[PDB]
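> Starting off with a structure, shown below.
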Number of protein chains: 4
Amino acid sequence: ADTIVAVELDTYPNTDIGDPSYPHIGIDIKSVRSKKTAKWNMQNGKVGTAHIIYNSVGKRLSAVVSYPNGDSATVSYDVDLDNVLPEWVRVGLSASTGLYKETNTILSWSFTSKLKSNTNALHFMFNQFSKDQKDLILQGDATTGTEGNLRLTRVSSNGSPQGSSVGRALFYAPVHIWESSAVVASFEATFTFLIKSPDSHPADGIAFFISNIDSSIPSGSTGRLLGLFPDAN
Amino acid sequence: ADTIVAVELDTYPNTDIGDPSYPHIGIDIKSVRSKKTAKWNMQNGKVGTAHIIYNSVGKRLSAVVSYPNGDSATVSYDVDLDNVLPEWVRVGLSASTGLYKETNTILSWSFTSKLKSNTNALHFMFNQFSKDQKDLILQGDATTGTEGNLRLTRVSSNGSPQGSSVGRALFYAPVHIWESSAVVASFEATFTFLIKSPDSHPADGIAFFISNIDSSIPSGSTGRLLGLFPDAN
Amino acid sequence: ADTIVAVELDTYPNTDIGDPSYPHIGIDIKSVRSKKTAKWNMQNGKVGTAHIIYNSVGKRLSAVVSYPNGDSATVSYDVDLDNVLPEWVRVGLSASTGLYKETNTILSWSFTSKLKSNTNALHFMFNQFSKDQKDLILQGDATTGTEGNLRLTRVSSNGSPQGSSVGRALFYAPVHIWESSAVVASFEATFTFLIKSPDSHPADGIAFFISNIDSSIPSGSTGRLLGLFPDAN
Amino acid sequence: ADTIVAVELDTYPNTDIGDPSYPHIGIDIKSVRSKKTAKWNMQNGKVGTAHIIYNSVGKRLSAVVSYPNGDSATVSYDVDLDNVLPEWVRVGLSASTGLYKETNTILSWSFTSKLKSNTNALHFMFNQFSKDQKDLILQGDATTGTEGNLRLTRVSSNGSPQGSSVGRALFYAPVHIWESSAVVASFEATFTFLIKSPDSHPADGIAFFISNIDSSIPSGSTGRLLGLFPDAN
Ligand SMILES: O=C(O)Cc1c[nH]c2ccccc12
Ligand SMILES: O=C(O)Cc1c[nH]c2ccccc12
Ligand SMILES: O=C(O)Cc1c[nH]c2ccccc12
Ligand SMILES: O=C(O)Cc1c[nH]c2ccccc12
Ligand SMILES: [Ca+2]
Ligand SMILES: [Ca+2]
Ligand SMILES: [Ca+2]
Ligand SMILES: [Ca+2]
Ligand SMILES: [Cl-]
Ligand SMILES: [Cl-]
Ligand SMILES: [Cl-]
Ligand SMILES: [Cl-]
Ligand SMILES: [Cl-]
Ligand SMILES: [Cl-]
Ligand SMILES: [Cl-]
Ligand SMILES: [Cl-]
Ligand SMILES: [Mn+2]
Ligand SMILES: [Mn+2]
Ligand SMILES: [Mn+2]
Ligand SMILES: [Mn+2]
């Protein structure tokens, strides 16, 4: 029943549900079957940066993911989010493991939404997460720690990631993501992540998403559904 | 039981509870008995701008209130808010009427909090308020409308303000206002207001305040207590 | 010899140089012959707002122009500005009159450029212009005044605009608009304008532009060339 | 003939010109004889962060310098900069060596100035410096490199710092630092630095400063004068 717009960093090819035959970044409009994808070389144990950009003028949801060595993947998709999202939303991060696993560690997260009419703005930045993060809604296995990081999916004491895990972090305050009379409705999101795995293959990935205010983890949305969708339709 | 730090725009002299013999702006640390005040010429029916500034280095809570014609009042008070406030807070606007009354109309409100260590940031801006303002907590008589304004205290259909009124607006998300390891903890707040009264004297005023997350209007905090304090101590 | 990327608010149809048969907004890549245009209802004597948005991910230069009554025109054009502009630029506003004329009054101008790698930023905002505006380069007839406005084209003492006029304002500091290793290079510009004319038709329009550092008004670039181009090619 | 307001990170005690008997941070109003100082433990070879804060309401110039291990020094001084500085200024960084020496390496520098009336803003951020930094004015020995850093004072090929060196970096654009009608005139500056020395004692230090537009290195302002002052008065 949730409405989802997401950028997925998808570490695991699930070819039978329309994934390409490689790790990819994807734009997901109300379906895990990405509307557009690009090949992504996920660098095990390295800190990546994801950037997400939209404005209501160009009506183009863009994402780019890069690592320090400079290797980057970009994906863009033409979509009017006025026709997709509710006016009011929550913004969040989601990650899953299944049969295979990885750390889904968030080191930092920033977001900006603006409505310019004829301005209303929300901006937050986390470069360190604290134990009792009162402006975050933690769902499922997602924890904030003393190490200053957001662990979306459960990690063992020994620092090793665990399978069949799902967790999300949503910003506490609802966001006014569009308003019919806004001349420009724009949002930007950036997060840094550390995906590390000793597994034969890492899985399943990390998503930035926008949803209805009351959005919660769909039941059985572990693994390939990235904690966003109740099925693969 | 609430902990309150406020800047009060006090339109009504209550001399028996330590108000000066004129309308004033005041810095209130856990008491309506302002720690410091300055004379303020409130201009009936005109749009004022209040600016509030603090940083943990100078440890000086400053406020200035001005009108378009340029007449301004300033008040500063040396205080370590690390020693006053809880780590996590909500920020809000409050206004009251009593025996005398005024419009307590907010046309715009912006806030920025930052912690710089060895950055975490929250920024919001409302230049228009909407009917269902999902990122605001409205308490008491406070309403948001189609006129794009926040009415802290009850106004009649005919546009006239009503007595014995109290309302507040708090931003939905808790704010991390200080952190022991922050090198610089700073906040800025700005709001524009229209106080108008056909009364013999306007009352009672408008406050920007910071409180515990779960802060609510103290019972009988109408009139001279500005919806912040349960008594005049 | 200058390299120009501009958004033109074109009040006058010059049909013989590829203008449409109506006032329009246009994206100009190294030619006054706009790569893309949209019909624009210019509202005589009213304050308009222009917004310009680009990012190096979507590679889409977008502009929207609106007035308070809400009537707006939008134009978008897919272009890699890494392949058009020099790395370092100046940003500016330009306006012209010819055989016909108008006020080309700028009431406010803001700009933001960012490079995010694996951040460098420039932001300025003018909501009032002063007599000796030391962070602006004024070219041709462009003046700043006590009325707090930038007059791009010459106005008489009696407040009436004059024909065959050209003036520009460039921000003093060069801008690093792209860098080969930037993951995201983005810029946003906003300005408010008042075009007013008692003429049979207004002319010629206002442009936001990006150029080489040493860009100057091309000789004979009054009227339909908007002070940007030395010819209509 | 220059007018100087500076925060000095002073690594070398020059006791005969009013330095305390230890490395210190200082607020300098038109004199190298700091109006106020605080003891500073400079950590050889470590990256420090300096923060500078002023607003025209509190009228308190504050500085804090810290290192990752959390050791920090703070100094505040009550001063009306409306009565000290010209309306228009340039902002910059300065460093010197003399008989003793150190690296005066700047890794990052950000600045924000705002005038709020009844807003004009300038903001820049350098987290990487490039070889041809067109928005910086380099004076004396100051160089920008491929290592992404600003070297205020001359360093040998072998990476060792050199004595009797002075260099400054000023932002290209003049800043409107105060305006008589501004309700709030505020500025913030942050820079990160790496001072390293194999010398018996490091010298001489790094300063953030504000000056007249046409400010240049005073002759013989190497060593204890930090490239800011022509004498020790
Ligand atoms: O830019 C200005 O000075 C006026 C202004 C503030 N907010 C605005 C939103 C839309 C159009 C104009 C403005
Ligand atoms: O300024 C930089 O480039 C590094 C940096 C980012 N956030 C900081 C907070 C405190 C000290 C340094 C930094
Ligand atoms: O986001 C962070 O905490 C680290 C960071 C600061 N500037 C950056 C630019 C690109 C990628 C990561 C960062
Ligand atoms: O805050 C608003 O909506 C109006 C506004 C924009 N700039 C200002 C500067 C001073 C006082 C009010 C405003
Ligand atoms: Ca998958
Ligand atoms: Ca009172
Ligand atoms: Ca034309
Ligand atoms: Ca010294
Ligand atoms: Cl599968
Ligand atoms: Cl399924
Ligand atoms: Cl009383
Ligand atoms: Cl009482
Ligand atoms: Cl023509
Ligand atoms: Cl021609
Ligand atoms: Cl000496
Ligand atoms: Cl001397
Ligand atoms: Mn996928
Ligand atoms: Mn009072
Ligand atoms: Mn045209
Ligand atoms: Mn000294």
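Counting starts with 1 at the first residue shown.
The backbone N, Cα and C atoms fix where each Cβ goes, and this holds for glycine too.
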> Going by Swiss-Prot, B:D10, B:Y12, B:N14, B:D19 bind Ca(2+); tell me which of B:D204, B:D214, B:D231 is listed for that site too.
B:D204
> Given that Swiss-Prot lists B:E8, B:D10, B:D19, B:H24 as binding Mn(2+), which residue among B:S31, B:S34 does it place in the same site?
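Mn(2+) site check in Swiss-Prot: besides B:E8, B:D10, B:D19, B:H24, the record includes B:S34 out of B:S31, B:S34.
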> May I ask which of the binding-site residues B:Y100, B:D204, B:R224 is closest to B:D10 (Mn(2+) binding site) if we compare their C-alpha atoms?
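Nearest by Cα distance to B:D10 (Mn(2+) binding site): B:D204.
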> So of all those binding-site residues, B:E8, B:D19, B:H24, B:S34, B:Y100, which one's Cα sits nearest to B:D204 (Ca(2+) binding site)?
B:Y100
> In whole Å, how far is B:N14 (Ca(2+) binding site) from B:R224 (carbohydrate binding site) when you measure between their Cα atoms?
7
> Counting other Cβ atoms within 10 Å of each residue's Cβ, which of the binding-site residues B:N14, B:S34 comes out lowest?
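Least crowded of the binding-site residues B:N14, B:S34, by Cβ count within 10 Å, is B:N14.
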> For the binding-site residues listed here (B:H24, B:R224), which one has the lowest count of neighbouring CB atoms within 10 Å of its own CB?
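Candidates: the binding-site residues B:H24, B:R224. Fewest Cβ atoms within 10 Å: B:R224.
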> Determine the minimum-neighbour residue: among B:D10, B:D19, B:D204, listed as binding-site residues, which Cβ has the fewest other Cβ atoms within 10 angstroms?
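Comparing Cβ neighbours within 10 Å for the binding-site residues B:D10, B:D19, B:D204, B:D19 has the fewest.
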> I want to verify one value. Collapsing DSSP to three states, which class is B:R224 (carbohydrate binding site)?
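SS state of B:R224 (carbohydrate binding site) = helix.
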> These are the binding-site residues: B:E8, B:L99, B:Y100. Which one scores highest on other Cβ atoms within 10 Å?
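By the 10 Å Cβ neighbour count, B:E8 comes out on top.
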> Taking each of B:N14, B:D19, B:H24 in turn, which of these binding-site residues have a Cα lying within 10 angstroms of the Cα of B:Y100 (carbohydrate binding site)?
none
